[PDB]
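J.: First the structure, which I've put down as structure tokens, then a few questions once you've had a look.
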Amino acid sequence: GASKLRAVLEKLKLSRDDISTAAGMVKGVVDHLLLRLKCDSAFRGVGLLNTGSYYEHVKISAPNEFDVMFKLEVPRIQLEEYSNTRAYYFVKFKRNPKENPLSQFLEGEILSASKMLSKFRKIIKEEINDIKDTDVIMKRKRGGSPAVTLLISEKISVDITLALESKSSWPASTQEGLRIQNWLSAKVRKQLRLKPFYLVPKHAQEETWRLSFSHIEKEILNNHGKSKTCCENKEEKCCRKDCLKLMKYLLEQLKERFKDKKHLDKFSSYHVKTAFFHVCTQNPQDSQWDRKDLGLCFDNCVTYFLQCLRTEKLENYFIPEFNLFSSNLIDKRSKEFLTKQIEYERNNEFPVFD
Ligand SMILES: Cn1nc(-c2ccc(F)cc2)cc1C(=O)O
Ligand SMILES: [Zn+2]
């Protein structure tokens with residue numbers, strides 16, 4: 001029951017905690033990019049999102065794949081929702097010193113993502129060659145975010161996303177989102193909602209940006225209990241983080257198994273992570289997440305995610321009217337394929353964790 005799950009969580013811990021020079025190679029490459037980008041008119045205010053975090057792993061089993069975010073403070077930003085999408089926006093400016101650092105990317109009153117990504121990719125291309133230390137090659141694929149993919153030596157890949165940062169109130173599409181009031185409290189919601197938000201270049205091909213709150217997600221996960229003391233007693237933690245890891249590895253393993261088929265290509269840890277936050281709101285009490293009940297708690301997540309694929313509904317945790325499971329985003333057959341693969345996993349004591 002929880003035996004296989006515990007063994008899985010223990011191997012994942014050991015693979016994550018093991019000694020590697022990977023993060024060292026990555027830190028040096030990034031610090032180098034940042035110092036080059038800073039002596040440029042457009043990117044003088046560029047910085048790492050979380051200062052101290054380079055080893056940010058989206059994949060729970062990939063210790064050689066890194067995900068880094070470079071944020072750029074955009075003061076006096078004006079947002080205009082694109083085509084009732086709730087999550088995609090045009091970036092405009094209120095403007096007084098109109099010859100602003102980003103004026104070079106303006107296509108009318110509109111901030112071009114394409115023009116900003118071009119300049120950014122170019123400066124990064126210029127710094128990659130100038131490196132005499134390690135073997136770094138700039139892999140380019142169709143995608144606004146991650147803007148860049150670097151490959152340091154073998155297996156060490158780094159995804160770089162450029163993100164605009166806004167320190168203004170969150171867009172109206174978020175007003176009913178982050179329903180943590182009965183779990184984390186109403187005062188925690190007000191405090192997180194006073195924090196900045198990020199816009200990443202992304203299409204739903206227009207010059208649009210997608211809202212990003214992964215820094216709020218990171219804060220929640222490190223202070224996730226109804227009680228302020230949750231997991232401070234290491235002998236009696238809750239199994240919240242474990243259930244999330246297991247949901248991520250389940251999907252990772254199913255994607256690896258069916259990589260030749262194209263059916264699971266559109267699913268990502270983001271879908272499984274969002275579903276897990278919806279189960280947190282559903283089950284707000286720390287007693288609903290006992291370390292002893294790992295198996296049952298994991299089943300609660302599996303069943304809820306399964307309900308989501310079947311009903312074709314998975315709301316974005318921050319933007320309630322953004323449906324991650326819409327038929328225009330992911331077609332029914334792909335969803336039915338995932339439901340079938342997950343149902344087989346549950347009914348065969350998750351063979352993907354063998
Ligand atoms: C599949 N997906 N959707 C998002 C998303 C992010 C912000 C939004 F407002 C809406 C959607 C991120 C991912 C991912 O990481 O795959
Ligand atoms: Zn806890």
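In the structure tokens, the first chain shown is A, the next is B, and so on; residue numbers restart at 1 for each chain, and ligands run from 1 in the order shown.
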I want to know what sits within 10 Å of stretch 241-255 of chain A, based on only C-alpha atoms, with residues of the same chain fewer than 4 positions away left out; could you give that as an mmCIF file with N, CA, C and O atoms, in the first residue's frame?
T.:
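Contents of the output file out-v1.cif:
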```cif
data_model
loop_
_atom_site.group_PDB
_atom_site.id
_atom_site.type_symbol
_atom_site.label_atom_id
_atom_site.label_comp_id
_atom_site.auth_asym_id
_atom_site.auth_seq_id
_atom_site.Cartn_x
_atom_site.Cartn_y
_atom_site.Cartn_z
ATOM 1 N N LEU A 5 4.791 3.252 -2.297
ATOM 2 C CA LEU A 5 4.789 4.736 -2.295
ATOM 3 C C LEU A 5 5.935 5.309 -1.488
ATOM 4 O O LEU A 5 6.615 6.184 -1.987
ATOM 5 N N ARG A 6 6.197 4.775 -0.293
ATOM 6 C CA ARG A 6 7.297 5.207 0.589
ATOM 7 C C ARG A 6 8.669 4.988 -0.064
ATOM 8 O O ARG A 6 9.494 5.895 -0.046
ATOM 9 N N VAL A 8 9.276 4.638 -3.291
ATOM 10 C CA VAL A 8 9.330 5.580 -4.418
ATOM 11 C C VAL A 8 9.806 6.946 -3.886
ATOM 12 O O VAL A 8 10.826 7.470 -4.358
ATOM 13 N N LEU A 9 9.088 7.508 -2.891
ATOM 14 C CA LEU A 9 9.451 8.788 -2.281
ATOM 15 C C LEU A 9 10.865 8.778 -1.732
ATOM 16 O O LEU A 9 11.563 9.764 -1.904
ATOM 17 N N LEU A 12 13.382 8.886 -4.842
ATOM 18 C CA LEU A 12 13.311 10.229 -5.389
ATOM 19 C C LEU A 12 14.114 11.185 -4.503
ATOM 20 O O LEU A 12 14.890 11.979 -5.030
ATOM 21 N N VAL A 58 11.361 21.348 -12.325
ATOM 22 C CA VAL A 58 9.953 21.145 -12.700
ATOM 23 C C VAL A 58 9.669 19.623 -12.708
ATOM 24 O O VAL A 58 8.652 19.193 -12.164
ATOM 25 N N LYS A 59 10.595 18.816 -13.286
ATOM 26 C CA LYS A 59 10.512 17.352 -13.325
ATOM 27 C C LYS A 59 11.118 16.778 -12.042
ATOM 28 O O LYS A 59 12.231 17.149 -11.665
ATOM 29 N N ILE A 60 10.369 15.885 -11.377
ATOM 30 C CA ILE A 60 10.730 15.239 -10.116
ATOM 31 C C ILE A 60 11.815 14.141 -10.308
ATOM 32 O O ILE A 60 12.493 13.804 -9.331
ATOM 33 N N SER A 61 12.001 13.613 -11.545
ATOM 34 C CA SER A 61 12.998 12.561 -11.795
ATOM 35 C C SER A 61 14.170 12.984 -12.686
ATOM 36 O O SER A 61 15.076 12.176 -12.894
ATOM 37 N N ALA A 62 14.161 14.230 -13.204
ATOM 38 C CA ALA A 62 15.221 14.736 -14.079
ATOM 39 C C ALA A 62 16.214 15.637 -13.333
ATOM 40 O O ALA A 62 16.000 16.851 -13.278
ATOM 41 N N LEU A 221 3.500 25.986 -0.695
ATOM 42 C CA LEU A 221 4.080 24.670 -0.413
ATOM 43 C C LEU A 221 5.069 24.659 0.735
ATOM 44 O O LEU A 221 5.200 23.639 1.392
ATOM 45 N N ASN A 222 5.715 25.778 1.032
ATOM 46 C CA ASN A 222 6.642 25.814 2.171
ATOM 47 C C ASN A 222 5.986 26.274 3.489
ATOM 48 O O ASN A 222 6.685 26.354 4.496
ATOM 49 N N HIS A 224 2.135 25.323 4.194
ATOM 50 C CA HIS A 224 0.960 24.669 3.627
ATOM 51 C C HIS A 224 -0.073 24.158 4.618
ATOM 52 O O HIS A 224 -1.048 23.579 4.174
ATOM 53 N N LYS A 237 5.113 14.701 10.194
ATOM 54 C CA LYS A 237 4.764 15.590 9.090
ATOM 55 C C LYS A 237 3.393 15.198 8.521
ATOM 56 O O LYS A 237 2.801 14.199 8.940
ATOM 57 N N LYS A 259 5.801 8.130 -24.996
ATOM 58 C CA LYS A 259 6.440 9.228 -25.739
ATOM 59 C C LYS A 259 6.324 9.068 -27.269
ATOM 60 O O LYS A 259 6.233 10.082 -27.970
ATOM 61 N N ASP A 260 6.318 7.807 -27.773
ATOM 62 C CA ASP A 260 6.195 7.474 -29.196
ATOM 63 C C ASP A 260 4.790 7.815 -29.688
ATOM 64 O O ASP A 260 4.623 8.313 -30.807
ATOM 65 N N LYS A 261 3.779 7.557 -28.836
ATOM 66 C CA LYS A 261 2.393 7.920 -29.108
ATOM 67 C C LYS A 261 2.391 9.429 -28.832
ATOM 68 O O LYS A 261 3.292 9.906 -28.138
ATOM 69 N N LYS A 262 1.459 10.193 -29.393
ATOM 70 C CA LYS A 262 1.488 11.650 -29.166
ATOM 71 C C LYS A 262 0.379 12.118 -28.198
ATOM 72 O O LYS A 262 0.184 13.314 -28.003
ATOM 73 N N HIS A 263 -0.323 11.158 -27.587
ATOM 74 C CA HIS A 263 -1.515 11.343 -26.776
ATOM 75 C C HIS A 263 -1.308 12.078 -25.478
ATOM 76 O O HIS A 263 -2.214 12.800 -25.086
ATOM 77 N N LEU A 264 -0.147 11.937 -24.814
ATOM 78 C CA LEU A 264 0.058 12.623 -23.526
ATOM 79 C C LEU A 264 0.961 13.858 -23.613
ATOM 80 O O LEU A 264 1.228 14.495 -22.593
ATOM 81 N N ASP A 265 1.381 14.214 -24.826
ATOM 82 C CA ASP A 265 2.244 15.355 -25.135
ATOM 83 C C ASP A 265 1.801 16.690 -24.506
ATOM 84 O O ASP A 265 2.661 17.466 -24.085
ATOM 85 N N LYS A 266 0.481 16.961 -24.463
ATOM 86 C CA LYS A 266 -0.030 18.231 -23.916
ATOM 87 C C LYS A 266 -0.164 18.254 -22.388
ATOM 88 O O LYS A 266 -0.275 19.350 -21.818
ATOM 89 N N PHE A 267 -0.096 17.086 -21.704
ATOM 90 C CA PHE A 267 -0.151 17.125 -20.245
ATOM 91 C C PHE A 267 1.194 17.523 -19.660
ATOM 92 O O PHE A 267 2.233 17.253 -20.245
ATOM 93 N N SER A 268 1.174 18.152 -18.487
ATOM 94 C CA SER A 268 2.395 18.585 -17.833
ATOM 95 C C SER A 268 2.199 18.536 -16.328
ATOM 96 O O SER A 268 1.056 18.503 -15.878
ATOM 97 N N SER A 269 3.304 18.622 -15.539
ATOM 98 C CA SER A 269 3.188 18.654 -14.071
ATOM 99 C C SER A 269 2.264 19.777 -13.628
ATOM 100 O O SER A 269 1.670 19.677 -12.567
ATOM 101 N N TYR A 270 2.072 20.816 -14.477
ATOM 102 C CA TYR A 270 1.200 21.935 -14.130
ATOM 103 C C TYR A 270 -0.256 21.524 -13.925
ATOM 104 O O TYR A 270 -0.962 22.100 -13.090
ATOM 105 N N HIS A 271 -0.696 20.527 -14.668
ATOM 106 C CA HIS A 271 -2.064 20.037 -14.583
ATOM 107 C C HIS A 271 -2.268 19.269 -13.266
ATOM 108 O O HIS A 271 -3.261 19.464 -12.572
ATOM 109 N N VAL A 272 -1.299 18.439 -12.918
ATOM 110 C CA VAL A 272 -1.287 17.586 -11.743
ATOM 111 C C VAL A 272 -1.119 18.431 -10.448
ATOM 112 O O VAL A 272 -1.786 18.153 -9.442
ATOM 113 N N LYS A 273 -0.290 19.483 -10.514
ATOM 114 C CA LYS A 273 0.001 20.451 -9.452
ATOM 115 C C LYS A 273 -1.248 21.261 -9.118
ATOM 116 O O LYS A 273 -1.614 21.327 -7.957
ATOM 117 N N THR A 274 -1.946 21.798 -10.153
ATOM 118 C CA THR A 274 -3.210 22.527 -10.026
ATOM 119 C C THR A 274 -4.261 21.619 -9.382
ATOM 120 O O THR A 274 -4.900 22.018 -8.416
ATOM 121 N N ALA A 275 -4.404 20.387 -9.879
ATOM 122 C CA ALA A 275 -5.373 19.445 -9.315
ATOM 123 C C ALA A 275 -5.087 19.210 -7.848
ATOM 124 O O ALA A 275 -6.015 19.206 -7.055
ATOM 125 N N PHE A 276 -3.801 19.068 -7.476
ATOM 126 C CA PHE A 276 -3.394 18.852 -6.092
ATOM 127 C C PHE A 276 -3.776 20.051 -5.205
ATOM 128 O O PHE A 276 -4.159 19.826 -4.067
ATOM 129 N N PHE A 277 -3.666 21.310 -5.707
ATOM 130 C CA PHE A 277 -4.035 22.502 -4.925
ATOM 131 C C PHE A 277 -5.520 22.546 -4.698
ATOM 132 O O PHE A 277 -5.942 23.071 -3.671
ATOM 133 N N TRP A 289 -4.385 14.785 6.041
ATOM 134 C CA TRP A 289 -3.107 14.593 5.362
ATOM 135 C C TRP A 289 -2.076 13.936 6.272
ATOM 136 O O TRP A 289 -0.909 14.261 6.195
ATOM 137 N N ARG A 291 0.718 11.456 7.712
ATOM 138 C CA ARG A 291 1.808 10.639 7.153
ATOM 139 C C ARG A 291 1.400 9.170 7.072
ATOM 140 O O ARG A 291 1.692 8.520 6.062
ATOM 141 N N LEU A 294 -0.810 8.154 3.839
ATOM 142 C CA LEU A 294 -0.189 8.413 2.538
ATOM 143 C C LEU A 294 -0.951 7.794 1.374
ATOM 144 O O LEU A 294 -1.299 8.507 0.436
ATOM 145 N N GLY A 295 -1.222 6.488 1.458
ATOM 146 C CA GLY A 295 -1.931 5.739 0.423
ATOM 147 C C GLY A 295 -3.310 6.263 0.086
ATOM 148 O O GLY A 295 -3.672 6.362 -1.089
ATOM 149 N N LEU A 296 -4.091 6.572 1.126
ATOM 150 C CA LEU A 296 -5.462 7.066 1.019
ATOM 151 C C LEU A 296 -5.461 8.481 0.441
ATOM 152 O O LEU A 296 -6.236 8.773 -0.468
ATOM 153 N N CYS A 297 -4.566 9.331 0.941
ATOM 154 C CA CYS A 297 -4.400 10.708 0.510
ATOM 155 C C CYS A 297 -3.998 10.783 -0.950
ATOM 156 O O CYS A 297 -4.514 11.635 -1.691
ATOM 157 N N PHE A 298 -3.108 9.857 -1.378
ATOM 158 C CA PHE A 298 -2.654 9.789 -2.759
ATOM 159 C C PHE A 298 -3.793 9.371 -3.662
ATOM 160 O O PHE A 298 -3.922 9.897 -4.773
ATOM 161 N N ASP A 299 -4.664 8.470 -3.156
ATOM 162 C CA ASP A 299 -5.838 8.013 -3.897
ATOM 163 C C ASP A 299 -6.860 9.131 -4.091
ATOM 164 O O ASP A 299 -7.438 9.222 -5.180
ATOM 165 N N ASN A 300 -7.051 9.994 -3.060
ATOM 166 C CA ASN A 300 -7.893 11.202 -3.092
ATOM 167 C C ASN A 300 -7.442 12.114 -4.250
ATOM 168 O O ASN A 300 -8.294 12.694 -4.922
ATOM 169 N N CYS A 301 -6.103 12.249 -4.465
ATOM 170 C CA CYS A 301 -5.558 13.077 -5.536
ATOM 171 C C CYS A 301 -5.787 12.418 -6.867
ATOM 172 O O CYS A 301 -6.190 13.108 -7.819
ATOM 173 N N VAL A 302 -5.522 11.075 -6.945
ATOM 174 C CA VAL A 302 -5.666 10.326 -8.187
ATOM 175 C C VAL A 302 -7.105 10.433 -8.666
ATOM 176 O O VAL A 302 -7.322 10.910 -9.776
ATOM 177 N N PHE A 305 -8.070 14.018 -9.897
ATOM 178 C CA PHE A 305 -7.480 14.230 -11.232
ATOM 179 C C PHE A 305 -8.238 13.452 -12.310
ATOM 180 O O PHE A 305 -8.472 13.962 -13.409
ATOM 181 N N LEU A 338 -5.378 9.235 -21.231
ATOM 182 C CA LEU A 338 -4.780 9.418 -19.905
ATOM 183 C C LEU A 338 -5.595 8.757 -18.790
ATOM 184 O O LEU A 338 -5.006 8.075 -17.950
ATOM 185 N N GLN A 341 -4.948 5.013 -19.049
ATOM 186 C CA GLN A 341 -3.631 4.687 -18.494
ATOM 187 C C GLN A 341 -3.560 4.817 -16.961
ATOM 188 O O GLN A 341 -3.026 3.908 -16.321
ATOM 189 N N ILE A 342 -4.138 5.901 -16.372
ATOM 190 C CA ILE A 342 -4.128 6.091 -14.909
ATOM 191 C C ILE A 342 -4.994 5.015 -14.202
ATOM 192 O O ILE A 342 -4.558 4.457 -13.195
ATOM 193 N N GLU A 345 -3.130 1.954 -13.945
ATOM 194 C CA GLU A 345 -2.093 2.089 -12.919
ATOM 195 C C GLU A 345 -2.635 1.821 -11.509
ATOM 196 O O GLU A 345 -2.103 0.952 -10.824
ATOM 197 N N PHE A 350 0.122 0.585 -9.189
ATOM 198 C CA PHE A 350 0.973 1.541 -9.891
ATOM 199 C C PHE A 350 2.281 0.909 -10.429
ATOM 200 O O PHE A 350 3.363 1.211 -9.916
ATOM 201 N N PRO A 351 2.213 0.045 -11.472
ATOM 202 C CA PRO A 351 3.457 -0.556 -12.004
ATOM 203 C C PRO A 351 4.524 0.436 -12.469
ATOM 204 O O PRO A 351 5.681 0.055 -12.586
ATOM 205 N N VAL A 352 4.159 1.707 -12.711
ATOM 206 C CA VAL A 352 5.133 2.739 -13.124
ATOM 207 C C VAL A 352 6.142 3.063 -11.999
ATOM 208 O O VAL A 352 7.200 3.627 -12.283
ATOM 209 N N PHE A 353 5.840 2.645 -10.752
ATOM 210 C CA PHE A 353 6.714 2.793 -9.590
ATOM 211 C C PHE A 353 7.421 1.432 -9.242
ATOM 212 O O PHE A 353 7.707 1.175 -8.069
#
```
J.: Might you pull out every residue within 9 Å of residue A:54, with only C-alpha atoms counted and same-chain residues fewer than 6 positions away left off, and present them as a CSV table (one decimal) with N, CA and C atoms, in the first residue's frame?
T.:
```csv
chain,number,residue,atom,x,y,z
A,23,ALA,N,24.4,21.8,-10.7
A,23,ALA,CA,24.0,23.1,-10.2
A,23,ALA,C,25.2,24.2,-10.3
A,26,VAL,N,25.5,25.2,-13.9
A,26,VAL,CA,24.4,26.0,-14.2
A,26,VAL,C,24.5,27.4,-13.6
A,27,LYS,N,24.9,27.5,-12.3
A,27,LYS,CA,25.1,28.8,-11.6
A,27,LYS,C,26.1,29.7,-12.3
A,30,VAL,N,24.6,31.0,-15.8
A,30,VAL,CA,23.6,32.0,-15.5
A,30,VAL,C,24.2,33.4,-15.1
A,48,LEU,N,17.6,37.2,-11.5
A,48,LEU,CA,17.1,35.9,-11.2
A,48,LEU,C,15.8,36.0,-10.3
A,66,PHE,N,17.1,21.8,-15.8
A,66,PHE,CA,16.9,23.0,-14.9
A,66,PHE,C,16.0,23.9,-15.6
A,67,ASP,N,15.3,24.7,-14.7
A,67,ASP,CA,14.4,25.7,-15.2
A,67,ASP,C,14.7,27.0,-14.5
A,68,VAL,N,15.1,28.0,-15.2
A,68,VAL,CA,15.4,29.3,-14.6
A,68,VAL,C,14.6,30.4,-15.1
A,69,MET,N,14.3,31.4,-14.2
A,69,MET,CA,13.5,32.6,-14.7
A,69,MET,C,14.2,33.9,-14.4
```
J.: At a cut-off of 7 Å, can you tabulate as a Markdown table every residue of stretch 180-211 of chain A near stretch 150-168 of chain A together with its closest atom pair and the distance in Å to one decimal, using only C-alpha atoms and ordering rows by chain then number?
T.:
```
| residue | atom | partner | partner_atom | distance |
| --- | --- | --- | --- | --- |
| A:195 | CA | A:167 | CA | 7.0 |
| A:196 | CA | A:167 | CA | 4.4 |
| A:197 | CA | A:166 | CA | 5.5 |
| A:198 | CA | A:165 | CA | 4.6 |
| A:199 | CA | A:164 | CA | 5.1 |
| A:200 | CA | A:163 | CA | 4.8 |
```
J.: Write the selection just made, keeping N, CA and C atoms, as a PDB file, in the first residue's frame?
T.:
```pdb
ATOM      1  N   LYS A 195       1.584  40.674  -3.250  1.00  0.00           N
ATOM      2  CA  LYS A 195       2.852  40.309  -3.863  1.00  0.00           C
ATOM      3  C   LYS A 195       2.834  40.584  -5.363  1.00  0.00           C
ATOM      4  N   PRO A 196       4.003  40.748  -6.038  1.00  0.00           N
ATOM      5  CA  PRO A 196       3.965  40.978  -7.494  1.00  0.00           C
ATOM      6  C   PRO A 196       3.484  39.743  -8.282  1.00  0.00           C
ATOM      7  N   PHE A 197       3.163  39.921  -9.573  1.00  0.00           N
ATOM      8  CA  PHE A 197       2.790  38.840 -10.486  1.00  0.00           C
ATOM      9  C   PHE A 197       3.721  38.987 -11.702  1.00  0.00           C
ATOM     10  N   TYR A 198       3.871  37.915 -12.494  1.00  0.00           N
ATOM     11  CA  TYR A 198       4.787  37.832 -13.630  1.00  0.00           C
ATOM     12  C   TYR A 198       4.019  37.583 -14.893  1.00  0.00           C
ATOM     13  N   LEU A 199       4.548  38.068 -16.031  1.00  0.00           N
ATOM     14  CA  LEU A 199       3.935  37.868 -17.344  1.00  0.00           C
ATOM     15  C   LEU A 199       4.998  37.236 -18.215  1.00  0.00           C
ATOM     16  N   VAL A 200       4.688  36.079 -18.781  1.00  0.00           N
ATOM     17  CA  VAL A 200       5.657  35.372 -19.620  1.00  0.00           C
ATOM     18  C   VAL A 200       5.194  35.428 -21.081  1.00  0.00           C
TER      19      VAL A 200
END
```
J.: From a backbone DSSP assignment, name each residue in stretch 287-346 of chain A labelled alpha helix (DSSP H), as a PyMOL selection string.
T.: chain A and resi 294-311+332-346
J.: For those residues, write N, CA and C atoms to a file as a CSV table (one decimal), in the first residue's frame.
T.:
```csv
chain,number,residue,atom,x,y,z
A,294,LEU,N,-0.8,8.2,3.8
A,294,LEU,CA,-0.2,8.4,2.5
A,294,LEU,C,-1.0,7.8,1.4
A,295,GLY,N,-1.2,6.5,1.5
A,295,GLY,CA,-1.9,5.7,0.4
A,295,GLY,C,-3.3,6.3,0.1
A,296,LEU,N,-4.1,6.6,1.1
A,296,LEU,CA,-5.5,7.1,1.0
A,296,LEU,C,-5.5,8.5,0.4
A,297,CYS,N,-4.6,9.3,0.9
A,297,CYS,CA,-4.4,10.7,0.5
A,297,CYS,C,-4.0,10.8,-1.0
A,298,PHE,N,-3.1,9.9,-1.4
A,298,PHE,CA,-2.7,9.8,-2.8
A,298,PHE,C,-3.8,9.4,-3.7
A,299,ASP,N,-4.7,8.5,-3.2
A,299,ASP,CA,-5.8,8.0,-3.9
A,299,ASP,C,-6.9,9.1,-4.1
A,300,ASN,N,-7.1,10.0,-3.1
A,300,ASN,CA,-7.9,11.2,-3.1
A,300,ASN,C,-7.4,12.1,-4.3
A,301,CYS,N,-6.1,12.2,-4.5
A,301,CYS,CA,-5.6,13.1,-5.5
A,301,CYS,C,-5.8,12.4,-6.9
A,302,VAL,N,-5.5,11.1,-6.9
A,302,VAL,CA,-5.7,10.3,-8.2
A,302,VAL,C,-7.1,10.4,-8.7
A,303,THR,N,-8.1,10.1,-7.8
A,303,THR,CA,-9.5,10.1,-8.1
A,303,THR,C,-10.0,11.6,-8.5
A,304,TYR,N,-9.6,12.6,-7.8
A,304,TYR,CA,-9.9,14.0,-8.2
A,304,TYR,C,-9.4,14.3,-9.6
A,305,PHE,N,-8.1,14.0,-9.9
A,305,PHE,CA,-7.5,14.2,-11.2
A,305,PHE,C,-8.2,13.5,-12.3
A,306,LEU,N,-8.6,12.2,-12.0
A,306,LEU,CA,-9.4,11.4,-12.8
A,306,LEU,C,-10.8,12.0,-13.1
A,307,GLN,N,-11.4,12.6,-12.1
A,307,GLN,CA,-12.7,13.3,-12.2
A,307,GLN,C,-12.6,14.4,-13.2
A,308,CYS,N,-11.5,15.1,-13.1
A,308,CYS,CA,-11.1,16.3,-14.0
A,308,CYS,C,-11.0,15.9,-15.4
A,309,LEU,N,-10.2,14.9,-15.8
A,309,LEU,CA,-10.0,14.4,-17.1
A,309,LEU,C,-11.4,14.0,-17.7
A,310,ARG,N,-12.2,13.2,-16.9
A,310,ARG,CA,-13.5,12.7,-17.3
A,310,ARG,C,-14.5,13.7,-17.6
A,311,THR,N,-14.6,14.8,-16.7
A,311,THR,CA,-15.5,15.9,-16.8
A,311,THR,C,-15.0,17.0,-17.8
A,332,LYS,N,-10.6,15.5,-26.5
A,332,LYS,CA,-11.2,14.4,-25.7
A,332,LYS,C,-10.4,13.1,-25.8
A,333,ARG,N,-10.1,12.6,-27.0
A,333,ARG,CA,-9.4,11.3,-27.1
A,333,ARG,C,-8.1,11.3,-26.3
A,334,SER,N,-7.2,12.4,-26.3
A,334,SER,CA,-6.0,12.5,-25.4
A,334,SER,C,-6.3,12.3,-24.0
A,335,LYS,N,-7.4,12.9,-23.5
A,335,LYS,CA,-7.9,12.9,-22.1
A,335,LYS,C,-8.4,11.5,-21.8
A,336,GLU,N,-9.1,10.8,-22.7
A,336,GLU,CA,-9.6,9.4,-22.5
A,336,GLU,C,-8.4,8.5,-22.4
A,337,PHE,N,-7.4,8.7,-23.3
A,337,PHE,CA,-6.1,7.9,-23.2
A,337,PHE,C,-5.5,8.0,-21.8
A,338,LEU,N,-5.4,9.2,-21.2
A,338,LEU,CA,-4.8,9.4,-19.9
A,338,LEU,C,-5.6,8.8,-18.8
A,339,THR,N,-6.9,8.9,-18.8
A,339,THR,CA,-7.9,8.3,-17.8
A,339,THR,C,-7.6,6.8,-17.8
A,340,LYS,N,-7.6,6.2,-19.0
A,340,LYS,CA,-7.4,4.7,-19.2
A,340,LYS,C,-6.0,4.3,-18.7
A,341,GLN,N,-4.9,5.0,-19.0
A,341,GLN,CA,-3.6,4.7,-18.5
A,341,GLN,C,-3.6,4.8,-17.0
A,342,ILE,N,-4.1,5.9,-16.4
A,342,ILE,CA,-4.1,6.1,-14.9
A,342,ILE,C,-5.0,5.0,-14.2
A,343,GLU,N,-6.2,4.7,-14.7
A,343,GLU,CA,-7.1,3.7,-14.2
A,343,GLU,C,-6.4,2.3,-14.1
A,344,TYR,N,-5.7,2.0,-15.2
A,344,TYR,CA,-4.9,0.8,-15.2
A,344,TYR,C,-3.8,0.8,-14.2
A,345,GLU,N,-3.1,2.0,-13.9
A,345,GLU,CA,-2.1,2.1,-12.9
A,345,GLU,C,-2.6,1.8,-11.5
A,346,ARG,N,-3.7,2.5,-11.1
A,346,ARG,CA,-4.4,2.3,-9.8
A,346,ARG,C,-4.8,0.9,-9.6
```
J.: Nearest to residue A:71: which of A:201, A:180, A:143, A:109 is it, counting only C-alpha atoms?
T.: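 Checking each of A:201, A:180, A:143, A:109 against residue A:71, counting only C-alpha atoms, the winner is A:201.
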J.: Could you list, as a PyMOL selection string, all residues that come within 9 Å of ligand 2? Count only C-alpha atoms and all ligand atoms.
T.: chain A and resi 221-227+229-232+236-241+286+289-290
J.: Let me make sure I understand: among A:89, A:258, A:105, A:183, which one has the smallest atom-to-atom distance to ligand 1 if we use only C-alpha atoms and all ligand atoms?
T.: A:89
J.: With distances taken over only C-alpha atoms and all ligand atoms, which residue among A:77, A:46, A:192, A:324 lies nearest ligand 1?
T.: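 Going through A:77, A:46, A:192, A:324 one by one, the smallest distance to ligand 1 is for A:324.
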J.: Looking at only C-alpha atoms, which of A:212, A:114, A:287, A:327 is the one that sits closest to residue A:49?
T.: A:212
J.: Find the residues around residue A:140 up to 10 Å (only C-alpha atoms counted), leave out those fewer than 5 positions away in its own chain, and share them as an mmCIF file with N, CA, C and O atoms, in the first residue's frame.
T.:
```cif
data_model
loop_
_atom_site.group_PDB
_atom_site.id
_atom_site.type_symbol
_atom_site.label_atom_id
_atom_site.label_comp_id
_atom_site.auth_asym_id
_atom_site.auth_seq_id
_atom_site.Cartn_x
_atom_site.Cartn_y
_atom_site.Cartn_z
ATOM 1 N N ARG A 121 17.534 36.792 -26.915
ATOM 2 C CA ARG A 121 18.185 35.618 -27.511
ATOM 3 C C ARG A 121 19.542 35.995 -28.110
ATOM 4 O O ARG A 121 20.504 35.256 -27.931
ATOM 5 N N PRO A 146 9.534 28.431 -22.498
ATOM 6 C CA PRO A 146 10.927 28.919 -22.349
ATOM 7 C C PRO A 146 11.472 29.569 -23.615
ATOM 8 O O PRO A 146 11.376 29.005 -24.701
ATOM 9 N N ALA A 147 11.998 30.780 -23.460
ATOM 10 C CA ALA A 147 12.563 31.587 -24.534
ATOM 11 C C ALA A 147 13.827 30.952 -25.088
ATOM 12 O O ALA A 147 14.068 30.977 -26.301
ATOM 13 N N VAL A 148 14.644 30.393 -24.186
ATOM 14 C CA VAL A 148 15.930 29.795 -24.517
ATOM 15 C C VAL A 148 16.060 28.426 -23.840
ATOM 16 O O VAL A 148 15.526 28.222 -22.746
ATOM 17 N N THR A 149 16.777 27.502 -24.496
ATOM 18 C CA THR A 149 17.213 26.233 -23.940
ATOM 19 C C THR A 149 18.723 26.136 -24.159
ATOM 20 O O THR A 149 19.192 26.264 -25.292
ATOM 21 N N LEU A 150 19.482 25.969 -23.062
ATOM 22 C CA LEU A 150 20.932 25.813 -23.116
ATOM 23 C C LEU A 150 21.265 24.389 -22.806
ATOM 24 O O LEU A 150 20.536 23.743 -22.065
#
```
J.: Atom CA of residue A:216 to atom CA of residue A:318: how many Å, to one decimal?
T.: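 Separating atom CA of residue A:216 from atom CA of residue A:318 is a distance of 9.8 Å.
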J.: What are the DSSP strand (DSSP E or B) residues of stretch 188-252 of chain A, as number ranges by chain?
T.: A: 197-201, 209-212, 238
J.: From the options A:92, A:218, A:278, A:202, which residue's atoms come nearest to ligand 1, counting only C-alpha atoms and all ligand atoms?
T.: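 When distances to ligand 1 are compared using only C-alpha atoms and all ligand atoms, the smallest one comes from A:202.
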J.: My list of candidates is A:85, A:175, A:112, A:205. Which is closest to ligand 1 when distances are computed with only C-alpha atoms and all ligand atoms?
T.: A:85
J.: Between atom CA of residue A:108 and atom CA of residue A:125, what is the spacing in Å?
T.: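 That distance, rounded to one decimal, is 27.6 Å.
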J.: Atom CA of residue A:203 to atom CA of residue A:177: how many Å, to one decimal?
T.: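 Separation of atom CA of residue A:203 and atom CA of residue A:177: 22.0 Å.
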